[PDB]
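Let me begin by presenting the structure, written as structure tokens, before commenting on it.
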Amino acid sequence: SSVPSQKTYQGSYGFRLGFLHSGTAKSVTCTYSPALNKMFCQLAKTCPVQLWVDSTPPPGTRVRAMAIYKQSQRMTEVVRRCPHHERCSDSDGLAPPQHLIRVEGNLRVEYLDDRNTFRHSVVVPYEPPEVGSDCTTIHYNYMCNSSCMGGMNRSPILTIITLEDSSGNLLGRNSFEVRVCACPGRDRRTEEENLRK
Amino acid sequence: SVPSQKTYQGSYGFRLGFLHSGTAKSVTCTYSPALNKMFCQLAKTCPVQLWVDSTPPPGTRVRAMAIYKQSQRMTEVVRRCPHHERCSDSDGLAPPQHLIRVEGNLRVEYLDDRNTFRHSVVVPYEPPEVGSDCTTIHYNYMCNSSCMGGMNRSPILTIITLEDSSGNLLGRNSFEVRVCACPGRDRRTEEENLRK
DNA sequence: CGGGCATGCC
DNA sequence: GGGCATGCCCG
Ligand SMILES: [Zn+2]
Ligand SMILES: [Zn+2]
């Protein structure tokens with residue numbers, strides 16, 4: 001019916017994202033390309049995303065992740081797990097089986113299947129960093145490959161990360177492209193080389 | 001539990017023939033005598049010829065069923081993967097879960113077995129048309145051998161049985177099937193892997 | 001159909 | 001990491 005905004009918005013708290021530096025060994029479970037602003041990862045493997053802010057949002061602030069198709073031809077379509085993976089019983093105990101994006105390690109995670117847009121998202125309460133740290137790290141998992149037939153079917157996606165108050169009002173927004181694939185190092189390297197040809 | 005795959009020509013001298021289609025990369029259906037194996041593309045016509053020495057009785061039928069070839073999966077029902085089951089490729093006769101359809105036969109019947117839950121497709125036996133010495137059935141395979149959540153790279157066999165009207169066996173033959181994007185490429189590859 | 005390549009897997 | 005199996009796009 002409509003399309004979510006993907007416009008970078010630092011907001012009043014100076015909200016931005018950070019990623020580890022991981023390298024490009026042919027596989028490697030998760031690697032991020034600064035050149036492409038694109039995460040490359042394997043199915044069900046830890047994808048760390050760092051949340052950086054300048055002030056600190058109030059308690060009750062939430063951090064939401066949602067996938068959308070990058071291409072305008074599919075952008076109104078909801079990003080979901082393919083029929084196979086939806087039915088494969090790899091439940092972590094909380095994530096519903098149709099959801100592409102999961103959060104690891106957080107008892108307070110909530111999954112939303114919006115009644116009106118039909119879009120899936122996963123949301124955790126915002127927490128300040130630990131002592132000795134400058135950022136909050138969320139561990140995401142992507143539960144289908146970009147290639148899965150009947151699901152993403154090779155269509156590229158964006159993950160939109162939004163900072164929101166308790167009622168769902170926008171406080172900040174950032175995004176990154178993601179490719180979920182068998183060989184993240186190889187594929188990251190390939191796409192970076194295509195940028196130099 | 002596993003249906004028999006024992007070849008028997010039975011009293012009517014029942015056996016199968018296949019077109020001799022060669023190995024151009026993407027030939028739609030091609031059969032390897034050395035491998036007794038059909039290689040074919042998803043949803044493309046796969047002609048299977050029925051040859052008999054004498055005409056079986058009125059009411060005879062011809063059934064096709066797929067089974068897994070490897071012992072570790074032989075007990076599992078062969079079915080289409082979750083994706084293909086749900087794609088919009090119905091012919092309005094075949095159940096969406098069934099791997100094997102018959103095209104061009106309004107008298108086709110499909111069965112899910114009471115006890116084994118295996119799928120099959122059955123058509124009336126018809127004698128060859130005038131000028132012909134065999135009867136051709138046009139099968140279609142509706143999932144690739146490689147499909148995740150289904151065959152998932154496990155080899156299958158198709159078992160063709162000739163049956164009387166009550167289902168009693170008159171004859172049986174079988175062939176391996178690989179459903180794939182490039183049947184010629186893949187046949188030539190397999191036949192080359194036979195050699196030292 | 002199919003050269004050329006994308007993308008699974010070990 | 002290499003490679004090889006095996007699928008898809010658009011001419
Ligand atoms: Zn999937
Ligand atoms: Zn399939």
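Ordered as shown in the structure tokens, chains take letters A, B, and onward, while each chain numbers its residues from 1 and ligands are numbered from 1 in the order shown.
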Based on only C-alpha atoms (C1' of nucleotides), which of the residues in chain B come within 10 Å of chain C? I want them as a PDB file with N, CA and C atoms, in the first residue's frame.
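Output file part_39.pdb is given in full below:
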```pdb
ATOM      1  N   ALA B  24      22.433 -31.276 -26.616  1.00  0.00           N
ATOM      2  CA  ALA B  24      22.549 -29.809 -26.644  1.00  0.00           C
ATOM      3  C   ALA B  24      22.279 -29.301 -25.229  1.00  0.00           C
ATOM      4  N   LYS B  25      22.988 -28.241 -24.829  1.00  0.00           N
ATOM      5  CA  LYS B  25      23.056 -27.794 -23.422  1.00  0.00           C
ATOM      6  C   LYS B  25      21.708 -27.835 -22.700  1.00  0.00           C
ATOM      7  N   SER B  26      20.706 -27.246 -23.338  1.00  0.00           N
ATOM      8  CA  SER B  26      19.405 -26.980 -22.730  1.00  0.00           C
ATOM      9  C   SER B  26      18.264 -27.679 -23.448  1.00  0.00           C
ATOM     10  N   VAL B  27      18.560 -28.849 -24.014  1.00  0.00           N
ATOM     11  CA  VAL B  27      17.554 -29.708 -24.608  1.00  0.00           C
ATOM     12  C   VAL B  27      16.522 -29.930 -23.503  1.00  0.00           C
ATOM     13  N   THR B  28      15.245 -29.940 -23.869  1.00  0.00           N
ATOM     14  CA  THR B  28      14.194 -29.905 -22.843  1.00  0.00           C
ATOM     15  C   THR B  28      14.005 -31.215 -22.107  1.00  0.00           C
ATOM     16  N   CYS B 182      19.764 -27.418 -17.242  1.00  0.00           N
ATOM     17  CA  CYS B 182      20.488 -27.736 -18.501  1.00  0.00           C
ATOM     18  C   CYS B 182      20.623 -29.248 -18.702  1.00  0.00           C
TER      19      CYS B 182
END
```
**Item:** Check: which chain A residues lie within 12 Å of chain D using only C-alpha atoms (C1' of nucleotides), as a ChimeraX atom specification
**Value:** /A:25-27,147-149,153-154,183,185-186
Could you dump the residues just selected with N, CA, C and O atoms as a compact mmCIF listing (two decimals), in the first residue's frame?
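Written file, again.txt:
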```txt
# COMPACT_ATOMS: atom_id res chain seq x y z
N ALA A 25 37.47 -12.91 3.89
CA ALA A 25 37.74 -14.33 3.65
C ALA A 25 36.52 -14.92 2.95
O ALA A 25 35.39 -14.65 3.38
N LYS A 26 36.75 -15.69 1.88
CA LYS A 26 35.71 -16.13 0.91
C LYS A 26 34.32 -16.30 1.52
O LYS A 26 33.34 -15.78 0.99
N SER A 27 34.25 -17.05 2.61
CA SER A 27 33.06 -17.09 3.44
C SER A 27 33.07 -15.89 4.39
O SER A 27 32.63 -14.82 3.98
N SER A 147 18.77 -15.03 -2.09
CA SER A 147 18.39 -15.86 -3.26
C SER A 147 17.18 -16.78 -3.11
O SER A 147 16.73 -17.37 -4.10
N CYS A 148 16.67 -16.95 -1.88
CA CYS A 148 15.61 -17.93 -1.60
C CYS A 148 14.38 -17.76 -2.51
O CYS A 148 13.79 -16.70 -2.55
N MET A 149 14.03 -18.79 -3.29
CA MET A 149 12.88 -18.67 -4.19
C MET A 149 11.59 -18.62 -3.40
O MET A 149 11.42 -19.38 -2.42
N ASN A 153 14.06 -13.91 -3.45
CA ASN A 153 14.19 -14.29 -4.87
C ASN A 153 15.22 -13.45 -5.63
O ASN A 153 14.98 -13.04 -6.77
N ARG A 154 16.35 -13.19 -4.97
CA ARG A 154 17.50 -12.44 -5.53
C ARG A 154 17.36 -10.91 -5.48
O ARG A 154 18.31 -10.18 -5.81
N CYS A 183 28.54 -17.00 0.54
CA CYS A 183 29.96 -16.59 0.60
C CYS A 183 30.12 -15.07 0.67
O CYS A 183 30.41 -14.43 -0.34
N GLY A 185 32.36 -12.94 1.97
CA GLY A 185 33.64 -12.40 1.54
C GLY A 185 33.78 -12.30 0.03
O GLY A 185 34.13 -11.25 -0.48
N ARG A 186 33.51 -13.41 -0.66
CA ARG A 186 33.56 -13.48 -2.12
C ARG A 186 32.63 -12.47 -2.77
O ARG A 186 33.00 -11.74 -3.70
```
**Prompt:** Taking only C-alpha atoms (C1' of nucleotides) and all ligand atoms into account, which residues are within 10 Å of ligand 1, as a ChimeraX atom specification?
**Reply:** /A:43,80-88,98,100,142-153,180 /B:83,148-149
Please produce a file of the residues just selected, as a PDB file, in the first residue's frame, where the atoms kept are N, CA and C atoms.
```pdb
ATOM      1  N   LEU A  43      23.192 -16.741   6.448  1.00  0.00           N
ATOM      2  CA  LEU A  43      21.922 -17.064   7.100  1.00  0.00           C
ATOM      3  C   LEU A  43      22.135 -17.517   8.551  1.00  0.00           C
ATOM      4  N   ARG A  80       9.622 -11.008   3.541  1.00  0.00           N
ATOM      5  CA  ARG A  80       9.314 -12.146   4.406  1.00  0.00           C
ATOM      6  C   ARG A  80      10.230 -13.346   4.112  1.00  0.00           C
ATOM      7  N   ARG A  81      10.256 -14.328   5.023  1.00  0.00           N
ATOM      8  CA  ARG A  81      10.947 -15.580   4.781  1.00  0.00           C
ATOM      9  C   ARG A  81      10.214 -16.355   3.678  1.00  0.00           C
ATOM     10  N   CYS A  82      10.982 -17.091   2.882  1.00  0.00           N
ATOM     11  CA  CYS A  82      10.445 -17.948   1.821  1.00  0.00           C
ATOM     12  C   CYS A  82       9.623 -19.098   2.402  1.00  0.00           C
ATOM     13  N   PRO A  83       8.810 -19.765   1.567  1.00  0.00           N
ATOM     14  CA  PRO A  83       7.989 -20.866   2.120  1.00  0.00           C
ATOM     15  C   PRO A  83       8.759 -22.000   2.825  1.00  0.00           C
ATOM     16  N   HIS A  84       9.950 -22.328   2.338  1.00  0.00           N
ATOM     17  CA  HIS A  84      10.745 -23.352   2.975  1.00  0.00           C
ATOM     18  C   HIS A  84      11.167 -22.950   4.385  1.00  0.00           C
ATOM     19  N   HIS A  85      11.825 -21.793   4.515  1.00  0.00           N
ATOM     20  CA  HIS A  85      12.381 -21.398   5.813  1.00  0.00           C
ATOM     21  C   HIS A  85      11.335 -21.047   6.830  1.00  0.00           C
ATOM     22  N   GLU A  86      10.207 -20.544   6.365  1.00  0.00           N
ATOM     23  CA  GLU A  86       9.079 -20.298   7.247  1.00  0.00           C
ATOM     24  C   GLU A  86       8.609 -21.595   7.926  1.00  0.00           C
ATOM     25  N   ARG A  87       8.805 -22.727   7.245  1.00  0.00           N
ATOM     26  CA  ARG A  87       8.299 -24.019   7.711  1.00  0.00           C
ATOM     27  C   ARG A  87       9.363 -24.929   8.321  1.00  0.00           C
ATOM     28  N   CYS A  88      10.575 -24.405   8.484  1.00  0.00           N
ATOM     29  CA  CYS A  88      11.681 -25.279   8.871  1.00  0.00           C
ATOM     30  C   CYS A  88      11.944 -25.472  10.382  1.00  0.00           C
ATOM     31  N   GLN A  98       7.792 -16.431  10.191  1.00  0.00           N
ATOM     32  CA  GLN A  98       7.784 -15.696   8.924  1.00  0.00           C
ATOM     33  C   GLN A  98       8.791 -14.523   8.886  1.00  0.00           C
ATOM     34  N   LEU A 100      12.053 -12.290   8.729  1.00  0.00           N
ATOM     35  CA  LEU A 100      13.412 -12.387   8.214  1.00  0.00           C
ATOM     36  C   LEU A 100      14.452 -11.986   9.265  1.00  0.00           C
ATOM     37  N   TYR A 142      19.747 -12.752  10.021  1.00  0.00           N
ATOM     38  CA  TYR A 142      18.874 -12.777   8.843  1.00  0.00           C
ATOM     39  C   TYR A 142      18.619 -14.241   8.492  1.00  0.00           C
ATOM     40  N   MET A 143      17.349 -14.594   8.378  1.00  0.00           N
ATOM     41  CA  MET A 143      16.947 -15.999   8.423  1.00  0.00           C
ATOM     42  C   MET A 143      16.568 -16.639   7.074  1.00  0.00           C
ATOM     43  N   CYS A 144      16.910 -15.937   5.984  1.00  0.00           N
ATOM     44  CA  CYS A 144      16.714 -16.422   4.619  1.00  0.00           C
ATOM     45  C   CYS A 144      17.818 -15.810   3.795  1.00  0.00           C
ATOM     46  N   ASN A 145      18.229 -16.518   2.754  1.00  0.00           N
ATOM     47  CA  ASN A 145      19.217 -15.971   1.843  1.00  0.00           C
ATOM     48  C   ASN A 145      18.535 -15.014   0.870  1.00  0.00           C
ATOM     49  N   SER A 146      19.273 -14.032   0.355  1.00  0.00           N
ATOM     50  CA  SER A 146      18.717 -13.093  -0.609  1.00  0.00           C
ATOM     51  C   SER A 146      18.191 -13.869  -1.829  1.00  0.00           C
ATOM     52  N   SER A 147      18.767 -15.034  -2.093  1.00  0.00           N
ATOM     53  CA  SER A 147      18.393 -15.863  -3.263  1.00  0.00           C
ATOM     54  C   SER A 147      17.178 -16.775  -3.105  1.00  0.00           C
ATOM     55  N   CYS A 148      16.671 -16.951  -1.880  1.00  0.00           N
ATOM     56  CA  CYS A 148      15.611 -17.930  -1.602  1.00  0.00           C
ATOM     57  C   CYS A 148      14.376 -17.761  -2.511  1.00  0.00           C
ATOM     58  N   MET A 149      14.035 -18.787  -3.289  1.00  0.00           N
ATOM     59  CA  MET A 149      12.879 -18.675  -4.191  1.00  0.00           C
ATOM     60  C   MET A 149      11.592 -18.623  -3.400  1.00  0.00           C
ATOM     61  N   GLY A 150      10.664 -17.774  -3.861  1.00  0.00           N
ATOM     62  CA  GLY A 150       9.402 -17.573  -3.150  1.00  0.00           C
ATOM     63  C   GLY A 150       9.490 -16.536  -2.045  1.00  0.00           C
ATOM     64  N   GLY A 151      10.686 -16.019  -1.825  1.00  0.00           N
ATOM     65  CA  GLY A 151      10.875 -14.999  -0.796  1.00  0.00           C
ATOM     66  C   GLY A 151      11.570 -13.854  -1.468  1.00  0.00           C
ATOM     67  N   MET A 152      12.778 -13.553  -1.009  1.00  0.00           N
ATOM     68  CA  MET A 152      13.520 -12.427  -1.598  1.00  0.00           C
ATOM     69  C   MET A 152      13.861 -12.647  -3.077  1.00  0.00           C
ATOM     70  N   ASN A 153      14.060 -13.906  -3.453  1.00  0.00           N
ATOM     71  CA  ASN A 153      14.194 -14.293  -4.869  1.00  0.00           C
ATOM     72  C   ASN A 153      15.220 -13.455  -5.630  1.00  0.00           C
ATOM     73  N   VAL A 180      22.242 -11.481   2.004  1.00  0.00           N
ATOM     74  CA  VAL A 180      22.389 -12.699   2.793  1.00  0.00           C
ATOM     75  C   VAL A 180      22.756 -13.804   1.804  1.00  0.00           C
TER      76      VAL A 180
ATOM     77  N   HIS B  83       8.038 -23.920  -2.123  1.00  0.00           N
ATOM     78  CA  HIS B  83       7.943 -22.887  -3.139  1.00  0.00           C
ATOM     79  C   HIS B  83       7.049 -23.281  -4.321  1.00  0.00           C
ATOM     80  N   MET B 148      15.649 -26.998  -2.650  1.00  0.00           N
ATOM     81  CA  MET B 148      15.641 -26.959  -1.191  1.00  0.00           C
ATOM     82  C   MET B 148      14.237 -27.192  -0.630  1.00  0.00           C
ATOM     83  N   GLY B 149      14.137 -28.025   0.387  1.00  0.00           N
ATOM     84  CA  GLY B 149      12.850 -28.260   1.011  1.00  0.00           C
ATOM     85  C   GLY B 149      12.079 -29.357   0.316  1.00  0.00           C
TER      86      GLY B 149
END
```
**Message:** Residues of chain B within 10 Å of chain D, counting only C-alpha atoms (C1' of nucleotides), what are they? List them as a PyMOL selection string.
**Reply:** chain B and resi 144+146+153+180-182+186
Same residues, N, CA and C atoms, saved as a PDB file, in the first residue's frame:
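Output saved as out-v3.pdb:
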```pdb
ATOM      1  N   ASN B 144      12.576 -28.980  -9.509  1.00  0.00           N
ATOM      2  CA  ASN B 144      13.945 -29.409  -9.860  1.00  0.00           C
ATOM      3  C   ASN B 144      14.489 -30.355  -8.820  1.00  0.00           C
ATOM      4  N   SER B 146      17.174 -30.262  -7.517  1.00  0.00           N
ATOM      5  CA  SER B 146      18.006 -29.497  -6.582  1.00  0.00           C
ATOM      6  C   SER B 146      17.214 -28.677  -5.560  1.00  0.00           C
ATOM      7  N   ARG B 153      18.597 -32.122  -4.064  1.00  0.00           N
ATOM      8  CA  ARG B 153      19.718 -32.851  -4.677  1.00  0.00           C
ATOM      9  C   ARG B 153      19.734 -34.384  -4.540  1.00  0.00           C
ATOM     10  N   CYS B 180      16.315 -30.539 -14.134  1.00  0.00           N
ATOM     11  CA  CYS B 180      17.391 -29.548 -13.995  1.00  0.00           C
ATOM     12  C   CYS B 180      17.298 -28.510 -15.091  1.00  0.00           C
ATOM     13  N   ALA B 181      18.055 -27.424 -14.932  1.00  0.00           N
ATOM     14  CA  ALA B 181      18.014 -26.296 -15.890  1.00  0.00           C
ATOM     15  C   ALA B 181      18.665 -26.650 -17.247  1.00  0.00           C
ATOM     16  N   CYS B 182      19.764 -27.418 -17.242  1.00  0.00           N
ATOM     17  CA  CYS B 182      20.488 -27.736 -18.501  1.00  0.00           C
ATOM     18  C   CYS B 182      20.623 -29.248 -18.702  1.00  0.00           C
ATOM     19  N   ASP B 186      24.085 -31.513 -18.259  1.00  0.00           N
ATOM     20  CA  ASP B 186      24.116 -32.459 -17.157  1.00  0.00           C
ATOM     21  C   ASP B 186      24.189 -33.921 -17.546  1.00  0.00           C
TER      22      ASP B 186
END
```
**Request:** All residues within 6 Å of ligand 2 are required, counting only C-alpha atoms (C1' of nucleotides) and all ligand atoms; please report them as a PyMOL selection string.
**Result:** chain B and resi 80-81+83-84+143-144+147
**Prompt:** Just how far from atom CA of residue 119 of chain B is atom CA of residue 77 of chain B, in Å to one decimal?
**Reply:**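 Calculated distance between atom CA of residue 77 of chain B and atom CA of residue 119 of chain B is 7.6 Å.
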**Request:** Using only C-alpha atoms, pick whichever of B:176, B:171, B:156, B:124 has the shortest atom-to-atom distance to residue 58 of chain B.
**Result:** B:124
**Message:** I want to know what sits within 12 Å of residue 106 of chain B, based on only C-alpha atoms (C1' of nucleotides), with residues of the same chain fewer than 3 positions away left out; could you give that as a PyMOL selection string?
**Reply:** chain B and resi 91-94+101-103+109-110+122-124
**Message:** Give me, as a VMD selection string, the residues of segment 80-161 of chain B that a backbone DSSP run labels strand (DSSP E).
**Reply:** chain B and resid 100 to 103 109 to 112 119 to 124 135 to 141 156 to 161
